[PDB]
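Inspection log for the structure reproduced underneath, given as structure tokens.
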Amino acid sequence: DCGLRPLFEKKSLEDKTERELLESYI
Amino acid sequence: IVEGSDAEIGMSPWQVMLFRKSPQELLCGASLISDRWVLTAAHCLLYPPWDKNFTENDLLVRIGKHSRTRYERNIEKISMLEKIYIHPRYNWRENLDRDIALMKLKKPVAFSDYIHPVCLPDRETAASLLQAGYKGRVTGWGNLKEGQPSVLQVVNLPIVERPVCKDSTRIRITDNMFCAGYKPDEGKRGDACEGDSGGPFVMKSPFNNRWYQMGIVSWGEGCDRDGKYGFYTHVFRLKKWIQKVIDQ
Amino acid sequence: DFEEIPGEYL
């Protein structure tokens, strides 16, 4: 169930800077 | 972490604190990979030039923390190690090549909102995300300055192109390493630092939305120095030693 | 600076 965070991924909420990561994978 | 921000609650539920029983103190970070297995830098356990040779009996593993120094009653789980394994070809004499170690917990930890494992990359994840430019995330309770956080800090940093890494130092860089940071020109800063060692360098897969540990905070020259970078153990290149110890 | 931890844990 690895790498799916209970308070973020599991509830479909984003953390405050994850966007900056994904935006870099072009 | 130098130039990081406070982590939010449950942002890194795989973050582990390596803690010294006596004198009670933060040794390094680590990450939870399953209910019984913890991953960290070998130099956290064994480093002969500094008379560092820690045994199982010598430490605690603290999972689900936010606060660096509080005992987070009802949140955090503190465990005891059943066994420590260091990479047989770890190089503490020349460059910290293969800086990796597994810790077997004396008993499984229960998952929760604040406690949850990270994924280990498989060949295609690594192939796709380990790219110059691609950002990863480092977390830890280390020094804020080449200065002690009150709470778990975080910073997003770019992976740098192999050659730029070689050229920044006099140290012999191997294939089990990768460096990450901002060029002095990019005019952005941030870096692991004293205390962060052994923590995770993770990326989020754009394909399945999972977080993967790509590196382990291994070494650096100063903290957030211009034109120097952080060096990380390449978890995928050491993936078979990992499977191996777990499976036997 | 570290607050005290339960003895069961040592």
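Cβ atoms come from the backbone with ideal geometry, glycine included; neighbour counts cover every protein chain shown. All of this is worked out from the model, or read from it or from the source named; these are not laboratory values.
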* Asked: Residues B:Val217, B:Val202, B:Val154: which one is outside the structural domain of B:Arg98 (by CATH), within 23 Å of B:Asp122 (Cβ to Cβ), in contact with a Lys or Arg (Cβ under 7 Å, 6 or more places away or on another chain) and crowded, with 19+ Cβ neighbours inside 10 Å?
  -> B:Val202
* Within the set of pairs 6+ apart or on separate chains, which have a first residue in segment B:50-70 that is assigned by CATH to the domain that holds B:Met17, a second that is of a type outside the set (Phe, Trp, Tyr) and part of a helix (DSSP H, G or I), and C-beta atoms under 8 Å apart? -> B:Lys52/B:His43; B:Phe54/B:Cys44
* If we scan segment B:150-161, do we find a residue that is more than 14 Å from chain A (Cβ to nearest Cβ) and of a type outside the set (A, V, I, L, M, F, W, C)? -> yes
* Please indicate, with yes or no, whether at least one residue in segment B:55-72 is buried (at least 24 other Cβ atoms within 10 Å of the Cβ) and among the charged types (D, E, K, R). => yes
* To do: Can you give me the number of residues within segment A:8-26 that are facing chain B (nearest Cβ under 7 Å) and either assigned to a helix (DSSP H, G or I) or touching a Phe, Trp or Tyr at 6+ places or on another chain (Cβ under 8 Å) (or both)?
  => 8
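Restricting the search to segment B:14-25, which residues are within 14 Å of chain A (Cβ to nearest Cβ) and either surrounded by fewer than 24 Cβ atoms within 10 Å (Cβ to Cβ) or in a strand (DSSP E or B) (or both)?
If we filter segment B:14-25 for residues that are within 14 Å of chain A (Cβ to nearest Cβ), which is where we start, we get B:14-15.
Of everything in segment B:14-25, just one residue is within 14 Å of chain A (Cβ to nearest Cβ) and either surrounded by fewer than 24 Cβ atoms within 10 Å (Cβ to Cβ) or in a strand (DSSP E or B) (or both), namely B:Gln15.
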* Asked: How many residues are assigned to a loop (DSSP other than H, G, I, E, B) and touching a helix residue (DSSP H, G or I) at 6+ places or on another chain (Cβ under 7 Å) if we restrict to segment B:186-245?
  -> 6
* Asked: Can you tell me which residue in segment B:67-85 is nearest to B:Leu26 (Cα to Cα), limited to those that are charged (D, E, K, R) and within 13 Å of chain C (Cβ to nearest Cβ)?
  -> B:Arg68
* Hits in segment B:21-56 - residues which are touching a strand residue (DSSP E or B) at 6+ places or on another chain (Cβ under 8 Å), over 20 Å from B:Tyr212 (Cβ atoms) and among the polar types (S, T, N, Q) -> B:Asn53, B:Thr55
* Kindly list the number of the only condition in (1) surrounded by fewer than 23 Cβ atoms within 10 Å (Cβ to Cβ); (2) within 16 Å of the chain's Cα centre (by Cα); (3) small (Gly, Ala, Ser) that fails for B:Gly136. => (1)
